[PDB]
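Undergrad: Submitted below is the structure of interest, expressed as structure tokens.
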Amino acid sequence: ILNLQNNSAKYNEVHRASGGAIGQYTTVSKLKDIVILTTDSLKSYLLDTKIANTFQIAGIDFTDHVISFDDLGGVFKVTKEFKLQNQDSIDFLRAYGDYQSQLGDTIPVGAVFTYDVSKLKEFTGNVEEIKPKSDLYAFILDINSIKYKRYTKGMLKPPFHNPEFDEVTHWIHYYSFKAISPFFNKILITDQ
Amino acid sequence: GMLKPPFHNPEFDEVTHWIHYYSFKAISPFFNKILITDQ
Amino acid sequence: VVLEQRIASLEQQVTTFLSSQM
Amino acid sequence: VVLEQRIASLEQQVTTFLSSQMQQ
Amino acid sequence: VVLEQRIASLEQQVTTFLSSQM
Amino acid sequence: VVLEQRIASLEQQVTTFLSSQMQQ
Amino acid sequence: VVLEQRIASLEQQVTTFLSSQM
Amino acid sequence: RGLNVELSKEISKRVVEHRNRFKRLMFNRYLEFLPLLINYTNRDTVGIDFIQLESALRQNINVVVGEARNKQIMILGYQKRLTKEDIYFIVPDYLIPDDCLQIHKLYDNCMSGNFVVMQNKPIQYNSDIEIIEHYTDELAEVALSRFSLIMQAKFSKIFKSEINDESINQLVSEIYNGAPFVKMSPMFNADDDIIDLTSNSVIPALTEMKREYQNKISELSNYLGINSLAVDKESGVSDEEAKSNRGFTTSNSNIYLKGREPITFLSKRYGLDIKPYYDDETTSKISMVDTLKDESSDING
Amino acid sequence: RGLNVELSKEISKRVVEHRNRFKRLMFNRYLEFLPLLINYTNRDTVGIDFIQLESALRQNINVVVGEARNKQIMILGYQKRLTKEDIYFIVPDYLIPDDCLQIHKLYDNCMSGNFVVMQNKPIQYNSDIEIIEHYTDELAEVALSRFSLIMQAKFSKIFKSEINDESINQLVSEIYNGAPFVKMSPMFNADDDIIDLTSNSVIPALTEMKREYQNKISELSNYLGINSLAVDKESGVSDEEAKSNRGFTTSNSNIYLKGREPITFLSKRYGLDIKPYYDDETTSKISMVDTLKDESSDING
Amino acid sequence: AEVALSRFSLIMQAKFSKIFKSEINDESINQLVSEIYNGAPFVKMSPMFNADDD
Amino acid sequence: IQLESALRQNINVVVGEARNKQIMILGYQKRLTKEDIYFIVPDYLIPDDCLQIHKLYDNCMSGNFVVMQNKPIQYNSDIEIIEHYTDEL
Amino acid sequence: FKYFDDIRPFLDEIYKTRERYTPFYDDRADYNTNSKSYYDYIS
Amino acid sequence: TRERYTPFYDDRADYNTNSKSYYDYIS
Amino acid sequence: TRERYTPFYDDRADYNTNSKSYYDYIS
Amino acid sequence: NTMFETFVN
Amino acid sequence: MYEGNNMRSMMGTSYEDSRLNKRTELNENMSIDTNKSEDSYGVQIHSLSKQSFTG
Amino acid sequence: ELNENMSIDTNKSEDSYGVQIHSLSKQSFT
């Protein structure tokens with residue numbers, strides 16, 4: 001975090017961008033925007049060992065930029081686009097609210113699941129999981145790199161009444177665009 | 001006069017700017033200084 | 001307008017109180 | 001009349017400085 | 001306009017003070 | 001009235017001479 | 001106009017002075 | 001380097017680029033403008049950035065204006081079951097009422113604490129970002145046909161002779177240098193031998209195509225309420241000249257106004273006048289002819 | 001030295017030079033003008049060089065006008081998260097406020113310390129330096145077709161006879177010297193023997209092409225708001241004569257005005273009147289017919 | 001709806017080309033390139049009827 | 001007349017004061033001009049004192065030497081447009 | 001100075017074009033016929 | 001823009017698709 | 001301007017490009 | 001040889 | 001010393017200062033405001049305001 | 001939307017020192 005806030009052409013991902021294949025481009029960071037991203041186990045460690053047992057924290061505590069999670073993955077990612085075959089997987093999906101899946105549907109690789117589903121016979125091998133393998137994992141940013149565009153203007157659709165079964169029905173839409181920009185300083189730390 | 005007045009090229013309908021400045025830097029050999037490394 | 005200004009002052013005073021006991 | 005304006009200007013000055021260190 | 005002129009004079013006086021102790 | 005103009009002219013004369021040797 | 005005329009006279013007098021000590 | 005150009009039917013790709021770019025441009029321009037038409041007695045006393053309101057209204061999210069510290073900051077608001085509390089999402093930071101909110105519509109006329117929701121359109125059936133896609137492709141290909149029509153409307157005077165240096169000296173020294181009285185051989189050498197390729201099957205076609213572009217703009221225009229209507233009332237050109245059927249364009253203008261009717265519900269509460277008018281004004285000559293008060297001379301000049 | 005000229009189809013390079021130079025000229029002229037249309041009750045009391053403002057606004061950089069020493073010097077300014085401090089880039093030198101700045105939009109109506117940002121256009125979708133490239137090529141080739149049409153509209157009277165000194169003495173002493181009653185041999189010697197090359201397939205084509213150039217200028221014009229609109233209201237020529245669809249040209253004029261609306265937000269703060277009007281005035285006769293006060297006689301003459 | 005059909009179908013086929021007609025490989029292509037779309041007047045051609053409503 | 005002829009060769013003239021009576025002088029982000037650094041066409045009527053540009057320092061206060069452009073933003077000279085139509089004409 | 005460089009990054013150089021944006025409606029290529037492309041390709 | 005076929009090359013692959021159209025050869 | 005072919009010269013290079021067009025000879 | 005610019009002839 | 005008319009059009013009026021403007025600046029402050037790691041022993045991670053840099 | 005605050009009013013263990021007892025507030029129900 002001392003390396004990020006200097007005048008340097010390093011540390012960004014400008015060389016993945018369109019014109020920045022050849023070229024040189026410098027950035028800085030201001031530390032009024034940096035966040036780190038670890039497990040809660042790492043947060044519990046440095047809260048328990050580092051800032052606890054160091055004798056001097058007069059301005060050294062960077063704990064106010066720490067996002068924590070119980071683990072960094074329960075989300076599952078599709079490979080090998082396939083068709084789902086079994087009734088047991090589908091009414092397993094009905095437990096999670098997926099009303100629209102039947103035995104006529106395919107699974108693209110643009111989809112995620114966000115719950116533990118890989119025990120299903122139609123998901124082993126196809127669907128993998130998002131997790132750092134080494135679990136000693138610090139991914140430090142600034143907030144100006146990540147960007148997060150939700151849309152909730154038509155947030156609640158009008159209800160459908162259906163008097164003949166006497167059964168009202170509601171829908172909820174919302175749109176979302178979660179991406180990051182490679183034009184800022186990013187450092188990943190693992191044992192990979 | 002660190003930005004000079006601009007130049008328009010109407011043959012390409014274009015605006016070109018220059019920036020000039022005169023920098024100078026040196027070390028005076030008359031003050032104390034040391035160095036710690038593995039030469 | 002004067003009433004609105006007075007209300008704003010009251011709100012700011014309340015906010016100030018809500019941060020320090022002094 | 002003049003005071004009404006300066007009193008309005010200083011209250012916004014207090015409010016935009018209280019929010020710099022607020023809990024809000 | 002008079003108030004603006006007075007303000008300008010105050011600013012210039014402050015600037016003058018900020019350059020010399022005399 | 002006349003003074004208001006000469007007083008404005010001399011303040012700009014002071015300000016455009018202070019900036020010739022200013023720290024600004 | 002009168003002020004301008006006076007200014008012109010002052011300038012001419014200064015010019016005259018700037019050429020001879022008398 | 002890498003270069004080997006196609007032909008000079010590159011134009012037949014440039015033509016379709018003009019059409020494609022025209023559709024993209026006219027579509028996003030028309031929705032670049034459309035969230036500002038009303039503006040409703042602009043900032044009499046009320047702290048609303050109305051531009052940010054109207055942009056929010058045309059993505060159909062029901063905004064809610066109420067009180068924050070008695071000064072009407074916008075908030076977002078997403079048989080009759082009444083709404084009271086601040087259950088909805090709130091966009092400002094600390095200015096929240098933290099107290100009894102209500103909808104000020106039918107609880108009384110002018111009494112309840114203010115948080116009124118404003119619909120874009122009173123009853124919603126189809127979004128008008130689809131109608132703007134509905135006409136802009138039809139408009140795109142008529143702009144195609146205009147551009148293709150004026151791109152081939154260019155004219156040469158073909159000389160026709162057995163080639164090498166008989167008629168070249170003719171046109172040089174006696175046509176483009178303007179010379180009358182050019183003398184020629186009796187060998188039929190202008191007995192309709194020089195010919196003109198003209199495109200007078202193209203220029204009568206040109207004006208009617210522009211009128212089709214024009215009234216298709218007007219037939220998109222009166223759909224979304226943006227109209228030349230009031231000046232057409234005072235100009236006496238009311239019907240079948242402006243081929244628009246006035247009773248339909250004063251119809252579609254009115255639905256957007258009575259969608260923003262709850263700003264009057266708010267206006268009755270705090271004792272002020274806000275009417276949703278419909279902007280059609282463009283200045284420095286209209287503001288001059290409506291005043292002709294000598295202080296308005298020192299304003300403009 | 002080095003010289004060997006092509007032919008006299010040099011004109012067919014001069015023609016394409018006229019087209020190319022016309023596109024370059026009309027394009028950069030049209031953006032040479034476009035950053036001055038509004039000018040907004042020009043320097044009532046406010047120290048802004050508005051020409052330098054409008055030039056900055058049409059490169060879309062959000063300028064910020066505030067106070068410097070109570071006299072409104074321009075500065076540059078590059079859901080609602082509020083801006084307060086002087087974090088932005090500052091163009092003046094020592095006149096900086098060095099104190100509490102704010103945006104004066106929604107914190108209150110007319111209270112906060114002034115630094116208001118002015119957008120070029122309220123909601124930005126496409127830059128209008130692309131639309132000016134969009135029509136100027138189409139305009140360029142219609143200017144090509146006009147120039148090519150009047151360059152070949154020149155006319156000679158062809159004499160046709162077996163060559164050496166039969167008909168030359170005829171035209172000399174009896175046509176260009178104007179003489180009536182020229183006597184000739186019976187050998188068919190004017191039985192449509194002299195012929196005229198005319199281009200009456202070109203001059204009916206000429207006027208319609210100028211009308212296409214003209215209304216294409218008008219169809220670029222009403223896009224970017226520059227309009228003949230207010231005088232068209234008082235002249236009663238409102239629709240389908242000026243083929244422009246008035247509700248679209250009063251539409252695109254208005255978006256630029258309400259882009260510069262935050263100058264009214266500033267104007268409410270320091271107690272003064274600044275309205276963004278839309279300039280359409282051109283003087284020495286308009287200023288005479290609007291006043292006809294005898295002091296305006298000693299001004300002009 | 002069907003009169004809107006007929007308007008859309010009418011303006012969708014109202015688009016116009018200038019057909020050149022010649023035996024194919026590189027006789028008339030150089031003609032239209034350097035002398036029609038580049039706007040040139042005074043194009044010279046062979047006597048082989050090569051624009052006699054060709 | 002001598003001003004407008006000078007303006008259409010695009011040289012930025014500067015009118016100020018000479019002895020309080022506005023004689024013309026020639027004048028060839030914002031970096032301010034103050035002094036009489038520019039070329040001066042009159043002979044002895046020079047201000048020999050504090051000049052300034054009277055544009056943005058204040059509205060109506062600074063000592064006068066204001067520059068007048070022919071055209072606010074300059075892109076093409078109109079001696080080319082007059083060559084552009086006169087051959088067609 | 002004997003360097004068998006490698007065979008593949010030479011056979012792509014004969015099938016490679018940058019394709020810069022040369023504008024139409026300029027005097028760089030006036031008639032923009034397909035001849036200057038041939039000159040610039042074979043040279 | 002300005003769609004150019006910057007390679008213009010020679011081939012060594014052979015064809016007699018015993019088929020009515022492109023379509024039936026795809027089938 | 002005024003595009004002139006100020007050289008106008010003689011050549012000594014020879015050609016029978018066994019090819020359909022310029023294009024196929026480039027290939 | 002000439003690539004030029006100048007104007008204002 | 002010699003007067004003539006020391007203002008001619010350009011580069012006779014440029015041997016003086018000639019409009020000192022936009023001097024190179026530490027408005028954004030390295031080594032103090034940034035290159036900073038004296039960040040207090042706080043409580044929680046409250047927020048990091050994300051701003052779309054229009055200007 | 002977020003109304004109740006995670007990561008500021010929650011995800012805290014930086015707040016407890018006192019040598020005491022009874023954070024045990026069984027709150028009332030809906």
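In the structure tokens, each chain is lettered A, B, ... as it comes, each chain's residues begin at 1, and ligands are numbered from 1 in order of appearance.
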Could you name the residues that touch region 7-23 of chain M at 7 Å or less, counting only C-alpha atoms, but leaving out those on the same chain fewer than 2 positions away, as a PyMOL selection string?

TA: (chain H and resi 4) or (chain L and resi 15) or (chain M and resi 5+25-27) or (chain N and resi 23+26-27)

Undergrad: Write a file of the selected residues as an mmCIF file, in the first residue's frame, keeping C-alpha atoms.

TA:
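Here's the written file part-v2.cif:
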```cif
data_model
loop_
_atom_site.group_PDB
_atom_site.id
_atom_site.type_symbol
_atom_site.label_atom_id
_atom_site.label_comp_id
_atom_site.auth_asym_id
_atom_site.auth_seq_id
_atom_site.Cartn_x
_atom_site.Cartn_y
_atom_site.Cartn_z
ATOM 1 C CA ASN H 4 -5.751 -4.029 -50.479
ATOM 2 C CA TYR L 15 -0.444 -11.522 -44.872
ATOM 3 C CA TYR M 5 -9.085 -7.264 -48.656
ATOM 4 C CA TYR M 25 -23.775 -29.689 -49.105
ATOM 5 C CA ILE M 26 -23.953 -28.500 -45.486
ATOM 6 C CA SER M 27 -26.573 -31.188 -44.899
ATOM 7 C CA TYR N 23 -5.173 -9.225 -58.109
ATOM 8 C CA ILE N 26 -0.422 -10.284 -56.578
ATOM 9 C CA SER N 27 -1.490 -13.609 -55.081
#
```

Undergrad: Which of region 82-256 of chain I end up as strand (DSSP E or B) when DSSP is run on this backbone - answer as a list in words?

TA: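 Filtering region 82-256 of chain I to strand (DSSP E or B) leaves residues 115, 116, 117, 118, 156, 157, 158, 159, 160, 195, 196 and 197 of chain I.
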
Undergrad: If we count only C-alpha atoms, what is near residue 111 (chain I) at a cut-off of 9 Å, once residues fewer than 6 positions away on the same chain are taken out, given as a PyMOL selection string?

TA: (chain D and resi 5+8-12) or (chain I and resi 104+268-269)

Undergrad: Hey, can you spit out that residue selection with N, CA, C and O atoms as a short mmCIF file (atom, residue, chain, number, x, y, z; two decimals), in the first residue's frame?

TA:
```cif
data_model
loop_
_atom_site.label_atom_id
_atom_site.label_comp_id
_atom_site.auth_asym_id
_atom_site.auth_seq_id
_atom_site.Cartn_x
_atom_site.Cartn_y
_atom_site.Cartn_z
N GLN D 5 -29.55 37.19 5.00
CA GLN D 5 -28.74 36.51 3.99
C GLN D 5 -27.44 35.98 4.58
O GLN D 5 -27.03 34.86 4.28
N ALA D 8 -28.16 33.06 6.70
CA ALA D 8 -28.37 31.87 5.88
C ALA D 8 -27.05 31.33 5.36
O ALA D 8 -26.89 30.11 5.21
N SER D 9 -26.11 32.22 5.05
CA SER D 9 -24.84 31.78 4.50
C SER D 9 -24.00 31.07 5.55
O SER D 9 -23.36 30.05 5.27
N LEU D 10 -23.98 31.60 6.77
CA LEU D 10 -23.22 30.96 7.83
C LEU D 10 -23.85 29.66 8.30
O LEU D 10 -23.11 28.77 8.75
N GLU D 11 -25.18 29.48 8.25
CA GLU D 11 -25.75 28.18 8.64
C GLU D 11 -25.39 27.07 7.67
O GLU D 11 -25.13 25.94 8.10
N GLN D 12 -25.33 27.38 6.37
CA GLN D 12 -24.85 26.40 5.41
C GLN D 12 -23.37 26.13 5.60
O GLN D 12 -22.91 25.00 5.39
N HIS I 104 -24.04 24.81 -5.35
CA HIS I 104 -25.20 25.55 -4.86
C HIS I 104 -26.51 25.08 -5.46
O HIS I 104 -27.39 25.90 -5.72
N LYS I 268 -29.52 33.09 -8.45
CA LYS I 268 -30.38 33.23 -7.28
C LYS I 268 -29.57 33.46 -6.02
O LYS I 268 -30.08 34.04 -5.06
N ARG I 269 -28.30 33.05 -6.01
CA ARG I 269 -27.47 33.17 -4.82
C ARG I 269 -27.11 34.61 -4.53
O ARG I 269 -27.45 35.15 -3.47
#
```

Undergrad: Enter the distance from CA of residue 18 (chain Q) to CA of residue 58 (chain A), in Å, rounded to one decimal.

TA: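 Separation between CA of residue 18 (chain Q) and CA of residue 58 (chain A): 22.3 Å.
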
Undergrad: Would you mind telling me which residue in H:263, H:195, H:274, H:288 lies nearest to residue 45 (chain J) when using only C-alpha atoms?

TA: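 Using only C-alpha atoms, residue 45 (chain J) sits closest to H:195.
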
Undergrad: Tell me which protein, DNA and RNA residues are within 12 Å of residue 5 (chain O), counting only C-alpha atoms, leaving out same-chain ones fewer than 3 positions away, and put them as a list in words.

TA: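 Neighbouring residues, sequence-local ones excluded: residues 7, 8, 9, 10, 11, 12, 13 and 14 of chain B; 2, 8 and 9 of chain O.
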
Undergrad: Keeping only C-alpha atoms, take the residues you just selected and write them out as a PDB file, in the first residue's frame.

TA:
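Output below, filename selection.pdb:
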```pdb
ATOM      1  CA  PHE B   7      -1.064  27.060 -34.194  1.00  0.00           C
ATOM      2  CA  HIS B   8      -4.073  26.345 -36.339  1.00  0.00           C
ATOM      3  CA  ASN B   9      -3.529  24.481 -39.599  1.00  0.00           C
ATOM      4  CA  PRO B  10      -6.586  25.185 -41.776  1.00  0.00           C
ATOM      5  CA  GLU B  11      -5.282  22.810 -44.443  1.00  0.00           C
ATOM      6  CA  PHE B  12      -6.063  19.936 -42.092  1.00  0.00           C
ATOM      7  CA  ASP B  13      -8.418  22.019 -39.866  1.00  0.00           C
ATOM      8  CA  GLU B  14      -6.250  21.252 -36.907  1.00  0.00           C
TER       9      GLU B  14
ATOM     10  CA  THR O   2       6.818  21.359 -50.488  1.00  0.00           C
ATOM     11  CA  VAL O   8      -3.746  34.111 -45.330  1.00  0.00           C
ATOM     12  CA  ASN O   9      -2.435  35.194 -48.726  1.00  0.00           C
TER      13      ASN O   9
END
```

Undergrad: With a distance cut-off of 12 Å and only C-alpha atoms, select the neighbouring residues of residue 259 (chain I), excluding the residue or stretch itself and same-chain residues fewer than 6 positions from it, and output the selection as a CSV table (one decimal) with N, CA, C and O atoms, in the first residue's frame.

TA:
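Once written, part-v4.csv looks like this:
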```csv
chain,number,residue,atom,x,y,z
H,32,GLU,N,-32.2,11.3,-25.8
H,32,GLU,CA,-31.4,12.3,-25.1
H,32,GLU,C,-32.1,13.5,-24.8
H,32,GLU,O,-31.8,14.3,-23.9
H,33,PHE,N,-33.2,13.8,-25.6
H,33,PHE,CA,-33.9,15.0,-25.3
H,33,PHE,C,-35.2,14.8,-24.5
H,33,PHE,O,-35.4,15.6,-23.6
H,36,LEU,N,-36.8,16.0,-20.9
H,36,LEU,CA,-37.0,17.4,-20.5
H,36,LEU,C,-38.1,18.0,-21.5
H,36,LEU,O,-37.7,18.4,-22.6
H,49,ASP,N,-33.9,19.7,-8.3
H,49,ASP,CA,-33.3,19.7,-9.6
H,49,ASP,C,-34.2,19.0,-10.6
H,49,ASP,O,-34.2,17.7,-10.6
H,50,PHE,N,-35.0,19.7,-11.3
H,50,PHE,CA,-36.1,19.1,-12.1
H,50,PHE,C,-35.5,18.3,-13.3
H,50,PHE,O,-36.2,17.4,-13.8
H,51,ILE,N,-34.3,18.6,-13.8
H,51,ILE,CA,-33.7,17.8,-14.8
H,51,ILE,C,-33.4,16.4,-14.3
H,51,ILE,O,-33.7,15.4,-15.0
H,52,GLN,N,-32.9,16.3,-13.1
H,52,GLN,CA,-32.6,15.0,-12.5
H,52,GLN,C,-34.0,14.3,-12.1
H,52,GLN,O,-34.0,13.1,-12.1
I,38,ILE,N,-25.7,31.6,-27.2
I,38,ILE,CA,-26.6,31.8,-26.0
I,38,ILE,C,-26.4,33.1,-25.4
I,38,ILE,O,-27.3,33.9,-25.3
I,54,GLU,N,-18.3,29.5,-23.5
I,54,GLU,CA,-19.0,28.7,-24.4
I,54,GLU,C,-18.1,27.9,-25.3
I,54,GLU,O,-18.4,26.8,-25.7
I,57,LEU,N,-17.5,25.0,-23.1
I,57,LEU,CA,-18.6,24.1,-22.9
I,57,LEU,C,-18.8,23.2,-24.1
I,57,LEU,O,-19.3,22.1,-24.0
I,58,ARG,N,-18.4,23.6,-25.3
I,58,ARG,CA,-18.6,22.8,-26.4
I,58,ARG,C,-17.5,21.7,-26.6
I,58,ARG,O,-17.6,20.9,-27.5
I,60,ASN,N,-17.2,20.0,-24.0
I,60,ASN,CA,-17.9,19.2,-23.0
I,60,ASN,C,-17.2,19.2,-21.6
I,60,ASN,O,-17.7,18.4,-20.8
I,62,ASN,N,-16.9,20.3,-18.0
I,62,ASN,CA,-17.8,20.9,-17.1
I,62,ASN,C,-17.1,22.1,-16.4
I,62,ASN,O,-16.3,21.9,-15.5
I,117,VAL,N,-21.6,23.8,-11.3
I,117,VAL,CA,-21.1,23.3,-12.6
I,117,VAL,C,-22.2,23.4,-13.6
I,117,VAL,O,-23.3,23.2,-13.3
I,118,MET,N,-21.7,23.7,-14.8
I,118,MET,CA,-22.7,23.9,-15.9
I,118,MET,C,-22.4,22.8,-17.0
I,118,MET,O,-21.3,22.8,-17.6
I,119,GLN,N,-23.3,22.0,-17.3
I,119,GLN,CA,-23.2,21.0,-18.3
I,119,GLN,C,-23.5,21.6,-19.7
I,119,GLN,O,-24.2,22.6,-19.8
I,120,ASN,N,-22.9,21.0,-20.7
I,120,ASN,CA,-23.2,21.5,-22.1
I,120,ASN,C,-24.6,21.1,-22.4
I,120,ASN,O,-25.4,21.8,-23.1
I,121,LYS,N,-25.0,19.9,-22.0
I,121,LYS,CA,-26.2,19.3,-22.4
I,121,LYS,C,-26.6,18.5,-21.1
I,121,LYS,O,-25.7,18.0,-20.5
I,122,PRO,N,-27.8,18.5,-20.7
I,122,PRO,CA,-28.2,17.9,-19.5
I,122,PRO,C,-27.9,16.4,-19.4
I,122,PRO,O,-27.2,15.9,-18.5
I,123,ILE,N,-28.4,15.6,-20.4
I,123,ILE,CA,-28.1,14.2,-20.5
I,123,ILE,C,-27.3,14.1,-21.8
I,123,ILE,O,-27.7,14.6,-22.8
I,124,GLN,N,-26.1,13.5,-21.7
I,124,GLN,CA,-25.2,13.4,-22.8
I,124,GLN,C,-25.3,12.0,-23.5
I,124,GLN,O,-25.1,11.0,-22.8
I,252,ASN,N,-35.0,20.9,-30.1
I,252,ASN,CA,-33.5,20.8,-30.0
I,252,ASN,C,-32.9,22.2,-29.7
I,252,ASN,O,-31.7,22.2,-29.3
I,253,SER,N,-33.7,23.3,-29.7
I,253,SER,CA,-33.1,24.5,-29.2
I,253,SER,C,-33.1,24.5,-27.7
I,253,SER,O,-32.2,25.1,-27.1
I,276,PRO,N,-30.5,32.4,-19.4
I,276,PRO,CA,-29.9,31.9,-20.7
I,276,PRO,C,-30.7,32.1,-21.9
I,276,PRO,O,-31.3,31.2,-22.4
```

Undergrad: Residues within 12 Å of residue 87 (chain K), please, as a list in words. Count only C-alpha atoms; anything in the same chain fewer than 3 positions from it doesn't count.

TA: residues 14, 15, 18, 147, 150 and 151 of chain I; 80, 81, 82, 83 and 84 of chain K

Undergrad: Atoms to include: N, CA, C and O atoms. Write the selected residues as a JSON list (two decimals), in the first residue's frame.

TA:
```json
[["chain", "number", "residue", "atom", "x", "y", "z"],
["I", 14, "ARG", "N", -9.86, 19.48, -60.45],
["I", 14, "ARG", "CA", -10.28, 20.72, -59.82],
["I", 14, "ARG", "C", -11.68, 20.60, -59.24],
["I", 14, "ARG", "O", -11.96, 21.20, -58.20],
["I", 15, "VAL", "N", -12.54, 19.79, -59.87],
["I", 15, "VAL", "CA", -13.89, 19.56, -59.36],
["I", 15, "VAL", "C", -13.85, 18.85, -58.02],
["I", 15, "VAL", "O", -14.50, 19.28, -57.06],
["I", 18, "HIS", "N", -12.78, 21.09, -55.25],
["I", 18, "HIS", "CA", -13.81, 22.01, -54.79],
["I", 18, "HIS", "C", -14.69, 21.31, -53.77],
["I", 18, "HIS", "O", -15.03, 21.89, -52.75],
["I", 147, "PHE", "N", -21.59, 22.31, -58.41],
["I", 147, "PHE", "CA", -20.43, 22.85, -59.11],
["I", 147, "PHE", "C", -20.19, 22.14, -60.42],
["I", 147, "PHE", "O", -19.91, 22.78, -61.44],
["I", 150, "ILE", "N", -22.93, 23.46, -62.98],
["I", 150, "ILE", "CA", -22.72, 24.75, -63.61],
["I", 150, "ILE", "C", -21.39, 24.86, -64.30],
["I", 150, "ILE", "O", -21.13, 25.87, -64.97],
["I", 151, "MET", "N", -20.52, 23.86, -64.17],
["I", 151, "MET", "CA", -19.26, 23.92, -64.90],
["I", 151, "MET", "C", -19.41, 23.38, -66.31],
["I", 151, "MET", "O", -18.65, 23.75, -67.20],
["K", 80, "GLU", "N", -10.12, 32.87, -48.00],
["K", 80, "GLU", "CA", -10.06, 31.62, -48.75],
["K", 80, "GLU", "C", -11.47, 31.32, -49.25],
["K", 80, "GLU", "O", -11.65, 30.79, -50.35],
["K", 81, "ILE", "N", -12.48, 31.68, -48.45],
["K", 81, "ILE", "CA", -13.85, 31.45, -48.87],
["K", 81, "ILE", "C", -14.15, 32.42, -50.00],
["K", 81, "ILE", "O", -14.85, 32.07, -50.95],
["K", 82, "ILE", "N", -13.57, 33.61, -49.96],
["K", 82, "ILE", "CA", -13.81, 34.52, -51.05],
["K", 82, "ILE", "C", -13.08, 34.07, -52.31],
["K", 82, "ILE", "O", -13.55, 34.33, -53.41],
["K", 83, "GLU", "N", -12.00, 33.31, -52.17],
["K", 83, "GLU", "CA", -11.45, 32.63, -53.33],
["K", 83, "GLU", "C", -12.25, 31.39, -53.69],
["K", 83, "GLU", "O", -12.23, 30.97, -54.85],
["K", 84, "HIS", "N", -13.00, 30.84, -52.74],
["K", 84, "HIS", "CA", -13.72, 29.61, -53.00],
["K", 84, "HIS", "C", -14.92, 29.84, -53.90],
["K", 84, "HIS", "O", -15.25, 28.99, -54.73]]
```
